[PDB]
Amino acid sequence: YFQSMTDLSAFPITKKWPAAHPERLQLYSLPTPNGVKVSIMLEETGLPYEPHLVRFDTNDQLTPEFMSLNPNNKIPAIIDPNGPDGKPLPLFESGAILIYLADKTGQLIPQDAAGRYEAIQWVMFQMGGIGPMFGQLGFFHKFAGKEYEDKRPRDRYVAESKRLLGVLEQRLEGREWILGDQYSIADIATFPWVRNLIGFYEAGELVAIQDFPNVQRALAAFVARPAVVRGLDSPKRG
């Protein structure tokens, strides 16, 4: 006779992270750069969401429950209970989630067709270049132990990270944000990684971040946005 309250029990992940608020988009994440892309996007757009902390210390991302949503065992992942065609939408890959969320409520992507593809292009540059290469530098600089006495791998990823920063620097010359005047999913994808490179990864001296003044300008603007500050702390570490 009438609708039941939202139930997401068809998704096995909900056995491990039950939905207190099944009417809200469910976010299964950790505040690493790829995770915060999505929480930042949610905070910017104001879409309600229910965050769930996927803990690496207990290998939560390797559970069958998590893997039932993302078989790649990586955060972030979402289930939007009110997805396209009136059905729940499971989705992983931060870059894909950014495009989905931009489309869902018509925010933070250009609304003209060419501009849309340009946005997707810069998100792809981030996904294929920035994230993987900055991540490898982080490994070889910060995490790799003394058994990796050879610093050739580190140096390879220093050179590549500098090259990528140079691409961003030239792109930002004469632009507020990656796509010009309008802040977008391209910025949301990219600046969490710049932040991590020179913050958590302690690679700012290796890449000489001061050599990229436009990047420094845009990064400083990015981290000061109130929605960014909220997204960087979501899900809450406790």
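Quick note: we count residues from 1 along the sequence shown, nothing fancier.
> Higher mean Cα B-factor in the deposited model: 2-10 or 229-237?
Higher mean C-alpha B-factor in the PDB entry: 2-10.
> On mean C-alpha B-factor from the PDB entry, just flag whether 35-43 or 62-70 is the higher one.
If you average the C-alpha B-factors of 35-43 and of 62-70, the larger mean comes out for 62-70.
> Go through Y100, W122, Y148, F92 one by one and give the residue whose Cα B-factor in the PDB entry is largest.
Result of the comparison over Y100, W122, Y148, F92: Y148.
> Between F212, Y28, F200, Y49, which one tops the list for C-alpha B-factor in the PDB entry?
Comparing C-alpha B-factors across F212, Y28, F200, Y49, the top value belongs to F200.
> Among all modelled residues of this chain, ranked by Cα B factor, put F134 in the bottom, middle or top third, i.e. lowest, middle or highest.
Lowest third, going by the recorded CA B-factors of the chain.
> Using the temperature factors of the C-alpha atoms in this entry, rank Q107 within its chain: lowest, middle or highest third.
Answer is middle: the recorded C-alpha B-factor places it there.
> For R195, return the chain-relative third of its C-alpha B-factor as stated in the PDB record: lowest, middle or highest.
Tercile = lowest for this residue's CA B-factor.
> Can you tell me which third, lowest, middle or highest, the CA B-factor of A96 falls into for its chain?
Within its chain, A96 is a lowest-third residue by C-alpha B-factor, going by the deposited values.
> Once the chain's modelled residues are ordered by C-alpha B factor and cut into thirds, is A159 in the lowest, middle or highest one?
Ranked within chain, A159 CA B lands in the middle tercile.
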